[PDB]
Amino acid sequence: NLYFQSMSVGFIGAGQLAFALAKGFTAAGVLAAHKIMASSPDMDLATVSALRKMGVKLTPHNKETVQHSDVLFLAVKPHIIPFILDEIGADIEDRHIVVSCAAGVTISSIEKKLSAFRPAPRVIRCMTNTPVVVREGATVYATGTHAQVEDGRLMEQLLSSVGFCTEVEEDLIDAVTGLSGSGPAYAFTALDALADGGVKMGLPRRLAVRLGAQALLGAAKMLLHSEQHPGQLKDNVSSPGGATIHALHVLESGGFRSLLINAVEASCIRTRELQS
Amino acid sequence: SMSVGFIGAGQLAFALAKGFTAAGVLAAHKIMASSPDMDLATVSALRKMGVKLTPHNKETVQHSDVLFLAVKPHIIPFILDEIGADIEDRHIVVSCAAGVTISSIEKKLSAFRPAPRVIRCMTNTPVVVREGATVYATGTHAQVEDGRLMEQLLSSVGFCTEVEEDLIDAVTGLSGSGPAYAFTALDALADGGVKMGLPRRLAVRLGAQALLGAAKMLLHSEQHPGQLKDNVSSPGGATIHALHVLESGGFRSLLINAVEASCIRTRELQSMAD
Amino acid sequence: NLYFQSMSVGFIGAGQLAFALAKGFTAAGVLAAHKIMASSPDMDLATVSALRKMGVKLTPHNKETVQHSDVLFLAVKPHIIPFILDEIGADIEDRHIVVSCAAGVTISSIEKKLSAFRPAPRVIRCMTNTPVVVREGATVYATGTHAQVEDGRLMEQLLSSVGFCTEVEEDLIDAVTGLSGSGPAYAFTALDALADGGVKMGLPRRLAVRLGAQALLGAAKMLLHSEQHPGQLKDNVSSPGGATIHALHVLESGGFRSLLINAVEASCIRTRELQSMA
Amino acid sequence: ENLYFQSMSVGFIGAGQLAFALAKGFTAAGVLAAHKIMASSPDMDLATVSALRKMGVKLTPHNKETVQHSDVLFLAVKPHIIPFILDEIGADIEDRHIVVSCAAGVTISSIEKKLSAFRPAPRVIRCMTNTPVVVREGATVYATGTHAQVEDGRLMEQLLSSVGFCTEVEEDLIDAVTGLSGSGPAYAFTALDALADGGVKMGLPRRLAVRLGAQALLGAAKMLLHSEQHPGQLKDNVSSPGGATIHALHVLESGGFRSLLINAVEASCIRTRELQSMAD
Ligand SMILES: O=C(O)[C@H]1C[C@@H]1c1ccccn1
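Structure determination for this entry, per the PDB record, employed X-ray crystallography and reached 2.10 Å resolution.

So, in structure tokens, the structure goes:
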């Protein structure tokens with residue numbers, strides 16, 4: 001409570017992630033909308049329109065966002081980050097916690113750019129995902145060289161208000177991107193395809209969408225609340241000779257498992273490329 | 001207020017009882033379940049919950065008003081023969097067995113007493129965490145209050161809606177078998193996380209939380225799942241690269257294949273029952 | 001009601017793209033054909049005979065095109081561009097706007113070449129496609145170092161008369177090449193195959209070509225005029241259990257989607273190699 | 001224009017996607033007043049029904065009211081509902097009606113068999129159209145039934161041409177048309193979503209990639225319709241030696257791109273034939 005009581009948050013970038021976080025934070029009750037500020041070069045964006053309706057102060061100047069924020073989220077594409085650290089770098093102060101959300105961008109790279117201005121910049125690296133908008137995000141963070149003990153603690157409480165959150169070593173964050181960072185996109189693909197199959201077999205599309213989504217939600221919650229291995233839960237619900245085991249067979253015949261492994265791998269490797 | 005019985009005491013009976021009593025809609029002590037093999041792990045878990053257990057299907061009928069049939073589909077004919085003479089005006093018979101049509105249940109129960117009140121439903125195991133997906137069709141002699149009662153009960157443990165009976169085999173392929181597709185996906189995503197360096201326990205948690213939040217996002221937006229995929233794929237980024245490798249494998253067609261195969265197998269099991 | 005009275009346009013090159021643009025510009029009414037000049041080392045091309053019928057002035061000499069023109073389109077193969085710039089570089093004046101349509105050729109390389117002759121050449125890079133010929137092209141452009149503000153607005157005005165036109169950062173043009181630059185060829189291949197499919201199921205070839213093209217035209221127009229996701233429009237057409245969803249499944253089973261992603265990717269990456277061969 | 005002053009009353013049995021697309025197209029074309037259209041559905045909770053309401057279309061749950069209102073009556077329900085529909089309103093079909101069946105696969109013979117038990121000479125037309133009529137760029141074929149007057153086919157062609165291409169065919173081509181242009185817009189929506197994904201993968205904003213892909217497909221289709229040339233010739237004309245386009249065409253060929261579209265037309269046509277055989 002005392003963490004967020006006298007806390008101001010700014011977003012460099014008013015894109016998809018910034019709206020999701022701002023929307024998650026306000027819905028959780030941790031931050032008030034008017035106490036949040038975002039800067040965007042293009043105010044013609046859709047997210048920039050939705051954020052204004054929320055009551056989020058918007059500005060074109062990143063230097064304005066830096067001046068009126070304590071915790072500063074960097075929610076821009078990785079290639080813009082060094083151009084932004086050169087723009088607002090002289091405005092970073094001792095009180096700023098800089099939370100980097102750009103994929104791939106290492107703590108070392110941010111600290112190197114900001115250490116040329118003030119010596120001990122407090123930096124945290126973050127991999128979250130869009131379901132923070134419904135407070136069911138998956139977030140990890142690593143603390144940088146000069147982050148104080150309370151800084152990790154403040155970050156953990158804030159990000160926990162909108163989903164799962166835990167600290168990791170920074171070298172795991174590329175892998176987390178490929179799993180839970182890109183994860184929701186795999187799920188949306190899967191739901192579109194599952195609804196298509198429902199439609200093929202005679203269901204109205206709207207019902208097929210709803211039923212597929214409820215199935216995934218329930219199965220994930222079930223796994224999260226179980227002590228049990230995913231395979232054991234698969235085994236429990238697969239009756240001998242039944243419909244479900246017949247469907248699992250056709251998933252196995254297309255190498256379904258290898259495609260998800262391929263996906264996690266390809267997103268992680270792309271994240272490593274964007275750093276280098 | 002109401003008395004509920006379970007013929008069968010396996011995965012589905014435990015999942016519904018646990019969900020119902022966790023929802024606060026049923027008291028565990030007003031639930032009775034019957035099983036032949038009184039040594040299944042599910043039979044022990046139902047005891048630890050407060051549920052009254054028995055080996056006589058006839059005692060479960062005499063105890064309950066709402067009667068769930070949660071046995072394998074090939075046992076349903078034999079159960080309707082054993083207790084058919086014990087069904088009264090008061091009973092609502094709710095069949096959860098996959099494929100088993102309302103017609104076949106009504107024909108068997110009508111030889112003992114006309115106008116049996118029958119409901120067919122397709123549900124799934126996540127009712128155990130109150131996040132099931134349930135559809136139901138009302139039989140010939142189900143009164144209106146029967147279907148409204150069933151929707152109130154089953155809504156307390158997940159999504160529930162009424163459908164025409166000829167959709168239920170498709171629903172089986174989609175949300176009936178759906179959780180198993182998700183467990184397969186979660187096992188594979190976790191293997192991917194581990195290959196890229198994550199501890200298994202962390203990778204299982206992150207993969208499960210991702211699927212949960214994605215599903216909730218879609219349930220709470222007006223938006224097409226393709227649109228949400230568009231919203232989360234930045235140009236040139238890690239996600240769109242991973243989506244490409246899913247597409248190159250025909251990821252979408254495999255899930256369509258799955259729904260189709262489960263629905264078709266469901267229809268075969270009803271046919272061999274005819 | 002657009003018309004550029006004080007503007008004279010020249011094309012260096014007289015192949016597919018120069019004809020398509022000149023045909024589009026003259027059909028749109030924005031340019032009289034006699035105010036357009038084109039040059040080609042092969043004055044016996046099929047497109048060259050077509051341009052002469054429209055009334056377009058033709059000449060073998062690239063210096064003549066430059067000396068007659070204000071807006072100068074470079075509509076030649078990418079590896080021809082450096083030799084062109086060597087040839088006409090000393091003829092470029094302050095009045096010239098050089099619009100390069102060559103795939104992959106960067107603004108930087110054109111400006112470096114032309115700056116040897118006269119400082120501050122006004123350069124615009126353009127990625128367009130052949131449907132400008134029926135005034136339904138897809139065009140993006142990026143403005144160069146010394147291109148004035150009035151230069152980009154002028155090119156957007158002209159290119160908008162023959163289809164969609166918008167300004168982009170130069171580093172998106174390779175990717176636009178992969179999508180809308182090469183896109184019409186993907187569509188032609190698709191329409192050939194769809195027609196084959198109609199013929200297999202018993203349609204006359206002429207009807208099947210007509211119906212397939214009309215289907216693609218109407219679907220693209222639906223998407224352009226709708227605020228909706230293409231997945232949602234797909235959803236509205238597929239009746240439960242119906243013929244369409246059965247066909248979508250066999251598309252999905254062959255990985256239809258990934259092949260189009262593969263295509264955009266391959267065209268873009270090849271475009272980058274040609275920009276590095278420069 | 002000449003059709004508008006005919007002051008035709010039009011009915012749709014079914015108020016789904018195709019009924020909305022056609023009603024929207026006819027009203028945009030100015031050939032029909034929205035309030036001169038009546039549509040019926042057993043489910044008034046459909047989004048298409050609410051859109052129809054907003055347009056000014058008359059809505060009723062009673063198919064008989066739609067029939068009594070109509071001069072030209074469109075059957076736009078799923079193919080397996082048609083026989084139940086003809087049983088219900090067959091007695092209300094009058095000599096003045098033109099019955100236009102849009103149901104995929106449903107033959108003129110089966111409709112005439114049902115309706116002829118009531119009046120002797122039902123005027124029946126079978127048509128295959130598609131959802132781009134909503135932007136007046138539909139693809140429509142129709143076949144005239146046993147008792148359709150020569151004027152009935154001409155009126156149909158006039159009406160359907162106001163919302164896109166329209167031509168008369170023998171009925172035995174209509175299953176194949178269904179697999180090509182009936183299902184075709186969905187093949188294109190899939191292609192456009194994928195092409196956009198490819199644009200985004202190579203660095204384009206989604207909004208721009210969607211716009212460019214759609215514009216490309218529209219321009220290419222128009223090019224072909226206005227050309228007297230083979231699609232392969234247009235492909236040849238635009239693929240420069242060693243260029244980016246010919247490289248991309250190779251990777252399409254290596255995945256069997258052409259065969260997937262042939263497979264699709266075939267599968268939709270074959271499914272359409274099964275929807276009729278399951279009826280009969
Ligand atoms: O829904 C489908 O699968 C399409 C085959 C049917 C259709 C009917 C009428 C007009 C256009 N398409």
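There is more to say, and it comes next.
Student: When you look at the overall build of chain A in this model, what are you seeing that I'm missing?
Tutor: Scanning chain A for helices and strands turns up 13 helices and 8 strands. Taken along its principal axes, the extent of the C-alpha atoms in chain A is 65 × 40 × 35 Å. Excluding contacts between residues fewer than 6 apart, the proportion of contacts in chain A whose partners are at least 24 apart in sequence is 69%.

Student: How should empty space enclosed by the protein be read in this particular structure?
Tutor: Unoccupied space between atoms shows up once a probe the size of one water molecule is rolled over them. In this structure, the largest cavity spans a volume of roughly 150 Å³. Along its surface, the largest cavity is lined by 18 residues, and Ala190(A), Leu216(A), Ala182(B), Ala185(B) and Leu211(B) are the ones closest to its centre. Those elements that provide at least two residues to the lining of the largest cavity are α9 (183-200), α10 (205-225) and α13 (256-275) of chain A together with α8 (178-195) and α12 (251-273) of chain B. Looking at the lining of the largest cavity residue by residue, the classes come out as 16 nonpolar, 2 polar and no charged. Estimates place the volume of the second largest cavity at around 100 Å³.

Student: I'm lost on the sheet that holds strand β5 (residues 98-101) of chain D in this one. Help?
Tutor: Remark on secondary structure: sheet strands pair via backbone hydrogen bonds, oriented parallel or antiparallel. The strand order across the open sheet built from 8 strands is β3-β2-β1-β4-β5-β6-β7-β8 (chain D), with neighbouring strands paired in mixed fashion. Each end of this open sheet is capped by a strand with a single partner; those strands are β3 (58-60) and β8 (164-168) of chain D. Recorded for the sheet is a direction-independent mean angle of 25° between the axes of neighbouring strands. Relative to strand β4 (residues 72-75) of chain D, strand β1 (residues 10-13) of chain D runs parallel, the two being bridged by 4 bridges. The residue of β4(D) that forms the bridge with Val10(D) is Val72(D). Helix-sheet contacts for helix α9 (residues 205-225) of chain C involve β7 (138-144) and β8 of chain D, and the interaxial angle to β8(D) is about 155°.

Student: Quick question: what am I supposed to make of the sheet that holds strand β5 (residues 92-95) of chain B here?
Tutor: Residue and element names in this part refer to chain B. Strand order in this open sheet of 8 strands is β3-β2-β1-β4-β5-β6-β7-β8, and the pairing throughout is mixed. Edge positions in the open sheet fall to β3 (52-54) and β8 (158-162), since each of these has one partner strand only. Each strand axis lies, on average, 20° off the axis of its neighbour in the sheet, ignoring direction. Looking at chain direction, strand β4 (residues 66-69) and β5 are connected through 4 bridges and run parallel.

Student: Whenever I open this one, the interface of chain C and chain A confuses me. Can you help?
Tutor: Often the size quoted for an interface is simply the accessible area lost on bringing the parts together. Facing the 9 residues of chain C at the interface are 7 residues of chain A. Buried area between chain C and chain A, both sides added, is near 710 Å², and the carbon and sulfur share of it is 55%. For the chain C face of the interface with chain A, the top three residues by lost area are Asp235(C), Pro240(C) and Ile245(C), together amounting to 53%. Counting across the interface, chain C meets chain A through 2 salt bridges. Across the pair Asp196(A) and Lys234(C) runs a salt bridge, and its minimum N-O distance is 3.0 Å. Viewed at the interface, chain A and chain C are joined by 4 residue pairs in polar contact. Of all the secondary structure elements, the ones that give two or more residues to the side of chain C that touches chain A are α10 (230-237) and α11 (243-253) of chain C. Ranked by residue count, the leading element in the side of chain C that touches chain A is α11(C), at 3 residues.

Student: Is there a simple way to explain the environment of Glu265(C) in this structure?
Tutor: Tracing the backbone shows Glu265(C) in helix α12 (residues 256-276). Sequence separation of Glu265(C) and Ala33(C) is 232 residues, and the distance between their C-alpha atoms is 37 Å. Ignoring sequence-local partners within four residues, the contact set of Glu265(C) consists of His244(B), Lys201(D) and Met202(D). One polar contact links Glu265(C) to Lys201(D), side chain to side chain, over a distance of 2.7 Å.

Student: Got a minute to help me understand the pairing of strand β1 (residues 9-12) of chain C in this structure?
Tutor: Every regular strand shows the same layout, with side chains that alternate between the two sheet faces. Residue and element names in this part refer to chain C. Here β1 shows no split at all, with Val 9 and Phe 11 on one side and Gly 10 and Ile 12 on the other all buried. Across 4 bridges, β1 lies against strand β2 (residues 36-39) in parallel orientation. Bridging from a neighbouring strand, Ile 12 pairs with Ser 39 of β2. The β-α-β motif built from β1, the intervening helix α1 (residues 16-27) and the parallel element β2 has right-handed crossover chirality. Alignment of β1 against strand β4 (residues 71-74), held across 4 bridges, turns out to be parallel. In the strand pairing of β4, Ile 12 is matched with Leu 74.

Conventions we followed
- Residues numbered from 1 in each chain as written, not as in the entry; some residues may be left out.
- Chains lettered and ligands numbered in written order.
- Part of a larger assembly, values for the part shown.
- Heavy atoms only, no water.
- Residues with missing side-chain atoms left out of burial classes, pairs and counts.
- Helix = DSSP H or I, 4+ residues; strand = E, 2+ residues; numbered from the N terminus.
- Contact = heavy atoms within 4.5 Å.
- 1 Å grid on protein atoms, 1.4 Å probe; cavity = no way out; pocket = protein on both sides within 12 Å on 5 of 7 lines; lining within 4 Å.
- Points joined across faces, edges and corners; volume = space filled by probe spheres on them.
- Nonpolar A, V, L, I, M, F, W, Y, C, P; charged D, E, K, R; others polar.
- Pairing = 2+ DSSP bridges.
- Axes fitted to C-alpha atoms, helices over the stretch in contact; angles between N-to-C directions.
- Buried area = accessible area lost by both parts, 1.4 Å probe.
- Salt bridge = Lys/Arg side-chain N within 4 Å of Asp/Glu carboxyl O.
- Polar contact = N/O pair within 3.5 Å; in protein donor to acceptor, adjacent residues only side chain to side chain.
- Buried < 20%, exposed > 50% of the residue type's maximum accessible area, 1.4 Å probe, protein only.
- Right-handed = clockwise from strand over helix to strand, strands pointing away.

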